[PDB]
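If you scroll down you'll find the structure; I have some questions about it.
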Amino acid sequence: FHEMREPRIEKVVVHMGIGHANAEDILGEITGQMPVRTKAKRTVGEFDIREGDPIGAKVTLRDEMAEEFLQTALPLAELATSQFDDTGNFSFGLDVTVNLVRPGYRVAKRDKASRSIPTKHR
Amino acid sequence: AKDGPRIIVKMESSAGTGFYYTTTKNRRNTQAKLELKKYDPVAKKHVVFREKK
Amino acid sequence: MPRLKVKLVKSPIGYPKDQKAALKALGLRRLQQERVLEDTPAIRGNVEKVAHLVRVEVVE
Amino acid sequence: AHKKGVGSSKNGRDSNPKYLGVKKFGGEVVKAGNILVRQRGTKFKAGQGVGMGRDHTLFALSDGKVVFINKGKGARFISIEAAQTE
Amino acid sequence: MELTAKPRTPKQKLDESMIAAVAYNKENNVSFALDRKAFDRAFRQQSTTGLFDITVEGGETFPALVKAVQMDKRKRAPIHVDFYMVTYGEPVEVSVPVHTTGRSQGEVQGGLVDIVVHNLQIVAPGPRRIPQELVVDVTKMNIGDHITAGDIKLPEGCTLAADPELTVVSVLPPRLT
Amino acid sequence: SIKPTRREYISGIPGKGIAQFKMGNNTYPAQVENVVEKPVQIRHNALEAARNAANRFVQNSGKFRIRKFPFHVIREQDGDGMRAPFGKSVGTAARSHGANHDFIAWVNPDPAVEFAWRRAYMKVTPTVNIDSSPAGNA
Amino acid sequence: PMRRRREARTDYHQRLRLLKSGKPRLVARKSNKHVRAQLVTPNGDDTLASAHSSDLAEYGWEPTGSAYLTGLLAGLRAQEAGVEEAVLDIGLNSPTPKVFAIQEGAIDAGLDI
RNA sequence: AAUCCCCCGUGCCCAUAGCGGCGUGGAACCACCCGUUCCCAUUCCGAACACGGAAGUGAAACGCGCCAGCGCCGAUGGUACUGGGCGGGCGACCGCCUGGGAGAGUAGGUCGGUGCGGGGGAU
RNA sequence: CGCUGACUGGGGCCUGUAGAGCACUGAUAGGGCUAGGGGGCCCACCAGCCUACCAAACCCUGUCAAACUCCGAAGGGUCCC
RNA sequence: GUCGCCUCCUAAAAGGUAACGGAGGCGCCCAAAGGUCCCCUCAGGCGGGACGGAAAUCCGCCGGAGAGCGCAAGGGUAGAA
């Protein structure tokens with residue numbers, strides 16, 4: 001069946017987030033799927049005690065879109081190594097990750113018979 | 001009622017005249033001179049309804 | 001029609017409420033006396049519960 | 001002119017919950033099952049409960065009333081054979 | 001060895017010289033028989049640690065004996081036992097003991113000792129195929145060492161109805177190490 | 001069986017203060033032990049102690065194991081006098097349910113530890129039962 | 001959770017919403033490939049294959065019309081039985097333009113809703 | 001059109017249907033699929049919701065089967081507790097007589113069982 | 001008013017102490033696996049190393065609960081016959 | 001000391017009972033926790049990457065809901081409040 005396991009995209013994010021207005025507007029222009037999420041906590045490791053603020057930025061981008069980005073954005077990054085994490089997936093840079101997509105990935109999405117994703121398929 | 005100048009203040013609301021009023025408890029807390037809603041005075045039925053008093 | 005013939009013993013003096021009724025029920029006036037009935041789980045029951053109450057005899 | 005501490009001592013007051021009409025009696029358009037007032041009655045008997053099965057009340061009229069979760073709101077109708085043609 | 005009974009009489013039975021004890025077997029049971037005197041002797045040997053059987057009407061001379069029971073009561077004198085045989089080649093549920101010797105390591109030199117939350121070994125070798133007395137003791141003992149499942153060391157019949165790393169038997173300070 | 005006000009309002013959630021369980025040494029067969037028959041909110045302290053003195057007289061190999069442990073407690077004089085009695089705690093233990101598996105003198109041939117425990121019973125309080133286990137004591 | 005509280009997506013209970021009363025569970029089961037609805041009415045009721053994409057083949061008019069008819073007819077088939085006013089059954093998804101379609105059916109179908 | 005095999009909508013029994021390990025199905029079915037002007041639509045993209053349509057595929061969700069490892073179910077004989085009756089001990093309590101008799105604990109049992117309708121599949 | 005009443009036989013439907021039980025919770029002991037603090041060693045920004053003292057949490061051997069209970073009777077209730 | 005009222009336990013299992021018996025809350029509030037119509041799937045743990053080395057923010061798996069609900073408890077209960 002070698003026509004299975006053999007890959008076919010699957011998500012792939014790329015974001016950022018600072019204890020804050022607009023900076024994500026530089027985010028909008030580079031793509032088109034704005035991320036609006038609220039980080040938090042309550043300490044002074046940066047002055048981020050505020051436990052309920054809007055600073056988390058995350059511009060989701062799988063398939064289609066991500067393609068234009070994987071593309072016009074894959075040249076300025078210089079590495080290709082280690083940064084290779086188990087769960088077929090990896091994260092480099094000012095904040096970006098992308099996940100593998102072996103054939104036994106999805107199922108892990110079902111509300112039912114949620115096969116805890118076997119470790120021989122992924 | 002127990003008149004307590006504590007964000008606890010009782011008020012009503014006319015019926016554009018529909019004539020009289022109808023019961024209501026309140027709290028400056030927010031929106032001060034704010035208070036509107038419809039009902040129906042002995043006057044036909046319905047009618048805008050400010051609450052201020 | 002198993003006809004039952006019981007007698008009176010150990011005065012229910014001060015003994016359980018109901019228990020007594022089962023007394024006046026089955027039909028129990030004066031002491032150490034003898035009465036008879038049909039098996040009838042009903043009547044039966046009562047009496048039995050009354051158990052120690054006195055003595056049952058299968059007669060007719 | 002106040003009150004003290006370190007005397008926990010704090011009796012509690014009264015309630016009055018029940019199953020009134022229990023299961024399978026002369027049904028009367030009135031307080032069905034009770035253990036949560038403001039209740040929102042239902043249709044006939046109830047069988048849904050943090051237990052499993054269900055309960056019939058061979059008694060049928062307008063409706064009864066719930067208790068908020070406990071028992072198990074009615075809906076599984078059950079007028080009772082005593083609801084046919086006179 | 002012998003033991004009889006099986007009607008329907010536990011109280012008196014459960015009394016005197018005869019203690020209850022069901023005739024348990026895969027598929028069928030039969031009123032409790034036995035006796036409060038046999039249990040003794042035999043049991044005394046090593047209930048579910050070896051195995052035999054008794055001749056009641058020559059009926060079915062088979063093994064398996066006890067897979068449950070209890071001297072329960074306070075007094076500490078059993079009453080109401082369970083009995084199940086096995087004329088099959090499936091014998092699993094096999095719990096037979098395992099003994100050391102005294103190999104000198106932490107003891108006869110370090111005084112130290114060792115707990116053996118194990119002792120027994122419910123496994124399942126070659127059905128109707130087990131050495132009533134199996135011994136295994138690679139030795140070792142003292143300091144903060146410990147041995148359990150995992151390592152072990154199983155001979156022939158490759159079962160292990162059990163798991164790895166778990167209550168084997170270590171060496172602790174009978175005083176201090 | 002009067003017991004306490006709750007496991008976290010009156011007095012519930014402690015260590016009870018004592019001297020842990022195990023002592024002596026292993027032993028696969030030899031069943032050497034002790035249990036009782038008496039009912040009594042086993043006198044903590046008295047307890048803790050006792051058992052201990054047990055080790056005090058032996059030392060090493062003989063399952064100085066012991067399956068007890070209090071965990072609730074009484075109360076009395078504190079405040080006015082005798083009437084409306086609030087409560088001042090003190091002395092937890094555990095019900096020795098009319099006999100049962102006490103502590104174990106468990107080991108091959110080491111009666112030098114049986115006598116011990118023995119010394120252990122002597123002590124204690126509620127009489128005690130001197131005994132053996134599956135097999136006896138070797 | 002209870003079977004219907006660990007999976008996800010459905011709303012069946014938003015079906016039981018109409019269950020209470022109003023008339024037949026004019027329930028409309030969809031599966032793109034086509035649309036299929038029954039008529040679960042109270043009392044261990046049942047149904048009467050009122051309208052299906054296959055019943056009368058699956059045509060070649062896609063969504064639009066399909067419904068437009070499947071419904072109507074459906075509605076036709078039933079009001080022959082002896083129904084009248086039947087309650088709608090969004091079976092699933094939001095009264096999508098399909099849905100809405102079929103819907104029409106009923107309505108136009110003269111089976112009030 | 002008033003019989004079985006199959007798939008599809010789907011209901012009751014609130015795990016003897018769940019977990020997961022391997023597998024099988026696409027003529028038919030169903031989904032995934034192919035695209036996105038207009039219906040509607042994502043706080044971000046027509047991923048999900050969504051309109052139109054072949055090729056491609058059974059990978060995936062999914063349906064039937066096999067597997068007891070995790071679970072779930074669970075007897076008989078059995079011991080506690082006890083309604084009722086009466087005795088021992090100053091004692092905390094012990095016992096007897098008569099009907100009730102669980103959980104856990106080994107056997108073993110389970111990989112659903114069963115409604116109605118729709119598509120076919122069996123002149 | 002007149003067989004409706006205490007009581008018994010039958011039939012449903014309920015409560016869920018005693019007991020028991022550990023997956024909810026809070027104890028708590030013997031221990032294994034482990035990282036938090038150690039602790040001794042390259043002198044120790046080393047964040048590399050071994051291991052006998054304290055631990056958190058998961059795993060085995062165990063155990064207490066009136067304001068715990070996946071479990072569950074004695075019995076009492078209530079409508080009908 | 002304390003008297004009202006809300007919950008637990010006590011009540012022995014229908015309901016309900018003292019104790020100056022146990023412990024803990026209330027004399028608020030929310031104009032939007034209001035009414036419906038439309039959508040959502042928790043805590044947490046694990047694995048991978050910005051500012052981040054407790055403790056986020058996103059991405060991919062596991063989940064009788066153990067999170068969730070202005071306030072004390074207790075019932076509830078995501079299908080969901």
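Nothing in this text is a laboratory measurement; each read-out follows from the coordinates by a stated rule. When we count neighbours, we look across all protein chains shown, and the Cβ atoms used for this are built from the backbone with ideal geometry, even at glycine.
Residue by residue through region F:83-103, note down the ones that are away from chain E (no Cβ under 14 Å) and not small (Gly, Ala, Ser).
Initial filter on region F:83-103 (away from chain E (no Cβ under 14 Å)): F:83-95, F:103.
Once the filter is applied, which keeps residues that are away from chain E (no Cβ under 14 Å) and not small (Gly, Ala, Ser), region F:83-103 yields F:83, F:85, F:86, F:88, F:90, F:92, F:95, F:103.
Here's another thing I want to ask about it. When you check residue A:28 against the structure, is it more than 30 Å from residue G:4 (Cβ to Cβ), touching a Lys or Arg at 6+ places or on another chain (Cβ under 6 Å) and more than 14 Å from chain G (Cβ to nearest Cβ), yes or no? I'd like the intermediate steps shown before the answer.
Details: more than 30 Å from residue G:4 (Cβ to Cβ): yes; touching a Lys or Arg at 6+ places or on another chain (Cβ under 6 Å): no; more than 14 Å from chain G (Cβ to nearest Cβ): yes.
Answer is no for this residue.
Residues being more than 8 Å from chain F (Cβ to nearest Cβ) and either of a type in the set (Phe, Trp, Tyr) or assigned to a loop (DSSP other than H, G, I, E, B) (or both): count how many of those fall in region E:92-101. Show your work before the answer.
We begin by selecting, within region E:92-101, every residue more than 8 Å from chain F (Cβ to nearest Cβ); these are E:92-96, E:101.
Next, only the ones that are either of a type in the set (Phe, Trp, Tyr) or assigned to a loop (DSSP other than H, G, I, E, B) (or both) stay: E:92-93, E:96, E:101.
Qualifying residue count, region E:92-101: 4.
Something else now. Please state which of the following conditions residue F:57 fails to meet, knowing it meets all the rest: (1) surrounded by fewer than 18 Cβ atoms within 10 Å (Cβ to Cβ); (2) within 13 Å of chain E (Cβ to nearest Cβ); (3) hydrophobic (A, V, I, L, M, F, W, C); (4) touching a helix residue (DSSP H, G or I) at 6+ places or on another chain (Cβ under 9 Å).
Of everything listed in (1) surrounded by fewer than 18 Cβ atoms within 10 Å (Cβ to Cβ); (2) within 13 Å of chain E (Cβ to nearest Cβ); (3) hydrophobic (A, V, I, L, M, F, W, C); (4) touching a helix residue (DSSP H, G or I) at 6+ places or on another chain (Cβ under 9 Å), residue F:57 misses just condition (2).
Would you check if there is a residue in region F:68-82 being within 14 Å of chain E (Cβ to nearest Cβ) and within 20 Å of residue F:116 (Cα to Cα)? Spell out how you get there, then give the answer.
Of the residues in region F:68-82, the ones within 14 Å of chain E (Cβ to nearest Cβ) are none.
For region F:68-82, residues within 14 Å of chain E (Cβ to nearest Cβ) and within 20 Å of residue F:116 (Cα to Cα): absent.
While we're on this one: Which residue, of E:40, E:82, E:53, is of a type in the set (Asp, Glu) and loosely packed, with under 14 Cβ neighbours inside 10 Å? Working first, answer last.
Details: E:82 fails: loosely packed, with under 14 Cβ neighbours inside 10 Å; E:53 fails: loosely packed, with under 14 Cβ neighbours inside 10 Å.
Of the residues listed, the single one that is of a type in the set (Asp, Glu) and loosely packed, with under 14 Cβ neighbours inside 10 Å is E:40.
Taking the options A:31, A:97, name whichever one is more than 8 Å from RNA strand H (Cβ to nearest atom), in contact with a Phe, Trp or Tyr (Cβ under 9 Å, 6 or more places away or on another chain), within 19 Å of residue A:12 (Cβ to Cβ) and part of a strand (DSSP E or B).
Working: A:31 fails: part of a strand (DSSP E or B).
Matching residue, one of A:31, A:97: A:97.
The conditions are (1) more than 21 Å from residue E:54 (Cα to Cα); (2) within 14 Å of another protein chain (Cβ to nearest Cβ), and residue E:122 fails exactly one of them. Which is it?
Checking residue E:122 against (1) more than 21 Å from residue E:54 (Cα to Cα); (2) within 14 Å of another protein chain (Cβ to nearest Cβ), the one that fails is (2).
Among the residues in region E:109-118, are any of a type in the set (S, T, N, Q) and either within 12 Å of another protein chain (Cβ to nearest Cβ) or closer than 20 Å to residue F:27 by Cβ (or both)? Before the answer, list the steps.
Our first condition is that a residue be of a type in the set (S, T, N, Q); within region E:109-118, this holds for E:109.
Subsequent filtering for residues that are either within 12 Å of another protein chain (Cβ to nearest Cβ) or closer than 20 Å to residue F:27 by Cβ (or both) retains E:109.
Yes, the conditions are met somewhere in region E:109-118.
Yes or no: region D:32-40 includes at least one residue that is aliphatic (A, V, I, L, M), in contact with a strand residue (DSSP E or B) (Cβ under 7 Å, 6 or more places away or on another chain) and part of a loop (DSSP other than H, G, I, E, B).
Of all residues in region D:32-40, those aliphatic (A, V, I, L, M) come to D:32, D:35-37.
Okay, now just the ones that are also in contact with a strand residue (DSSP E or B) (Cβ under 7 Å, 6 or more places away or on another chain), so none.
Within region D:32-40 (the criterion being aliphatic (A, V, I, L, M), in contact with a strand residue (DSSP E or B) (Cβ under 7 Å, 6 or more places away or on another chain) and part of a loop (DSSP other than H, G, I, E, B)), the answer is no, since none of the residues qualifies.
Considering only region E:165-174, I want to know if a residue exists there that is over 19 Å from the mean Cα position of the chain (by Cα), exposed (fewer than 14 other Cβ atoms within 10 Å of the Cβ), more than 8 Å from RNA strand I (Cβ to nearest atom) and in a loop (DSSP other than H, G, I, E, B).
no
Which residue out of C:25, C:21 is within 16 Å of RNA strand H (Cβ to nearest atom) and either in contact with a helix residue (DSSP H, G or I) (Cβ under 9 Å, 6 or more places away or on another chain) or farther than 21 Å from residue C:1 by Cα (or both)? Break it down stepwise before answering.
On the way: C:25 fails: within 16 Å of RNA strand H (Cβ to nearest atom).
Selected residue: C:21, the only one of C:25, C:21 that is within 16 Å of RNA strand H (Cβ to nearest atom) and either in contact with a helix residue (DSSP H, G or I) (Cβ under 9 Å, 6 or more places away or on another chain) or farther than 21 Å from residue C:1 by Cα (or both).
Does residue A:37 fit the bill of being part of a loop (DSSP other than H, G, I, E, B), touching a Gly at 6+ places or on another chain (Cβ under 6 Å) and surrounded by fewer than 15 Cβ atoms within 10 Å (Cβ to Cβ)?
Yes, satisfied.
Restricting attention to region F:12-26, does a residue exist that is within 12 Å of chain E (Cβ to nearest Cβ), among the aromatic types (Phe, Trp, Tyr), out of contact with any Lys or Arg (no Cβ under 9 Å at 6 or more places or on another chain) and assigned to a loop (DSSP other than H, G, I, E, B)? Give the derivation first.
Initial filter on region F:12-26 (within 12 Å of chain E (Cβ to nearest Cβ)): F:21-26.
Okay, now just the ones that are also among the aromatic types (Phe, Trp, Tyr), so F:21.
Among the residues that remain, those that are also out of contact with any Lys or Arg (no Cβ under 9 Å at 6 or more places or on another chain) are: none.
Taking every residue of region F:12-26 in turn, none turns out to be within 12 Å of chain E (Cβ to nearest Cβ), among the aromatic types (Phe, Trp, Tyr), out of contact with any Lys or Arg (no Cβ under 9 Å at 6 or more places or on another chain) and assigned to a loop (DSSP other than H, G, I, E, B).
Sticking with this one: Specify which of the listed residues (D:3, D:43, D:23) is part of a loop (DSSP other than H, G, I, E, B), in contact with an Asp or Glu (Cβ under 6 Å, 6 or more places away or on another chain), away from chain F (no Cβ under 14 Å) and more than 14 Å from RNA strand I (Cβ to nearest atom). Steps first, answer last, please.
Details: D:3 fails: in contact with an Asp or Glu (Cβ under 6 Å, 6 or more places away or on another chain); D:23 fails: more than 14 Å from RNA strand I (Cβ to nearest atom).
Exactly one of D:3, D:43, D:23 is part of a loop (DSSP other than H, G, I, E, B), in contact with an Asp or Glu (Cβ under 6 Å, 6 or more places away or on another chain), away from chain F (no Cβ under 14 Å) and more than 14 Å from RNA strand I (Cβ to nearest atom), namely D:43.
Related question: Within the bounds of region A:111-122, is there any residue that is within 6 Å of RNA strand J (Cβ to nearest atom), of a type in the set (A, V, I, L, M, F, W, C) and over 18 Å from the mean Cα position of the chain (by Cα)? Working first, answer last.
Here is the first cut: in region A:111-122, the ones within 6 Å of RNA strand J (Cβ to nearest atom) are A:111, A:114-117.
Then keep just the ones that are of a type in the set (A, V, I, L, M, F, W, C); that gives A:117.
From the residues that got through so far, the ones that are over 18 Å from the mean Cα position of the chain (by Cα) too are A:117.
Yes, there is a match, as at least one residue in region A:111-122 is within 6 Å of RNA strand J (Cβ to nearest atom), of a type in the set (A, V, I, L, M, F, W, C) and over 18 Å from the mean Cα position of the chain (by Cα).
Looking only at region E:143-172, how many residues end up being within 14 Å of chain F (Cβ to nearest Cβ) and among the hydrophobic types (A, V, I, L, M, F, W, C)?
Within region E:143-172, residues that are within 14 Å of chain F (Cβ to nearest Cβ) and among the hydrophobic types (A, V, I, L, M, F, W, C) number 5.
Something else now. Residue by residue through region F:84-138, note down the ones that are polar (S, T, N, Q) and under 17 Å from residue F:33 (Cβ atoms).
Step one: list which residues in region F:84-138 are polar (S, T, N, Q), which gives F:89, F:92, F:96, F:100, F:108, F:125, F:127, F:129, F:132-133, F:137.
Selection gives F:96, F:100, F:108, F:127, F:129, F:132, F:133, F:137.
Take region F:104-125 and flag every residue that is more than 14 Å from every other protein chain (Cβ to nearest Cβ) and assigned to a loop (DSSP other than H, G, I, E, B). Can you show your working first?
Taking region F:104-125 first, the residues more than 14 Å from every other protein chain (Cβ to nearest Cβ) are F:111, F:114-115, F:117-125.
Across region F:104-125, the qualifying residues are F:123, F:124, F:125.
For residues in region D:64-81 being charged (D, E, K, R) and within 12 Å of the chain's Cα centre (by Cα), which is farthest from RNA strand H (Cβ to nearest atom)?
Ranking the qualifying residues of region D:64-81, first place goes to D:65.
In region G:74-105, what residues are over 19 Å from residue G:32 (Cα atoms) and away from RNA strand J (no atom under 16 Å from the Cβ)?
G:75, G:76, G:77, G:78, G:79, G:80, G:81, G:82, G:83, G:84, G:85, G:86
Okay, next question. With respect to residue F:42, is the statement that it is more than 14 Å from chain E (Cβ to nearest Cβ) and in contact with a strand residue (DSSP E or B) (Cβ under 8 Å, 6 or more places away or on another chain) true? So that I can check it myself, show each step before the final result.
Values: more than 14 Å from chain E (Cβ to nearest Cβ): yes; in contact with a strand residue (DSSP E or B) (Cβ under 8 Å, 6 or more places away or on another chain): yes.
Considered against the rule, which asks whether it is more than 14 Å from chain E (Cβ to nearest Cβ) and in contact with a strand residue (DSSP E or B) (Cβ under 8 Å, 6 or more places away or on another chain), residue F:42 comes out as yes.
Give D:10, D:73 a once-over and let me know the one that is more than 14 Å from chain G (Cβ to nearest Cβ) and among the charged types (D, E, K, R). Steps first, answer last, please.
Details: D:73 fails: more than 14 Å from chain G (Cβ to nearest Cβ).
Every option except D:10 fails the conditions.
If I filter region D:26-33 for residues that are on the phi < 0 side of the Ramachandran plot, among the acidic types (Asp, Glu) and in contact with a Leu (Cβ under 9 Å, 6 or more places away or on another chain), do I get at least one hit?
Yes: one or more hits.
Further question: Considering only region E:50-104, how many residues are over 17 Å from residue E:31 (Cβ atoms) and of a type in the set (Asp, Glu)?
Residues that pass the stated criteria total 4.
Kindly indicate whether residue E:117 is assigned to a loop (DSSP other than H, G, I, E, B), surrounded by fewer than 19 Cβ atoms within 10 Å (Cβ to Cβ) and in contact with a strand residue (DSSP E or B) (Cβ under 9 Å, 6 or more places away or on another chain). Outline the logic, then answer.
Working: assigned to a loop (DSSP other than H, G, I, E, B): yes; surrounded by fewer than 19 Cβ atoms within 10 Å (Cβ to Cβ): yes; in contact with a strand residue (DSSP E or B) (Cβ under 9 Å, 6 or more places away or on another chain): no.
Here the answer is no, as residue E:117 does not meet what is asked.
For region B:19-41, name all the residues that are loosely packed, with under 13 Cβ neighbours inside 10 Å, among the aromatic types (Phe, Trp, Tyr) and on the phi < 0 side of the Ramachandran plot.
Step one: list which residues in region B:19-41 are loosely packed, with under 13 Cβ neighbours inside 10 Å, which gives B:19-20, B:23, B:25, B:27, B:29-34, B:36-37.
Then drop every residue that is not among the aromatic types (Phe, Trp, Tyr), which leaves B:19-20.
Of everything in region B:19-41, just one residue is loosely packed, with under 13 Cβ neighbours inside 10 Å, among the aromatic types (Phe, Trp, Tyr) and on the phi < 0 side of the Ramachandran plot, namely B:20.
I need every pair where a residue in region A:96-122 that is within 16 Å of RNA strand I (Cβ to nearest atom) has its Cβ under 6 Å from the Cβ of a residue that is among the β-branched types (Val, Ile, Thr), sequence separation at least 6 or different chains.
Sorted first by the residue in region A:96-122, then by its partner, the list stays empty.
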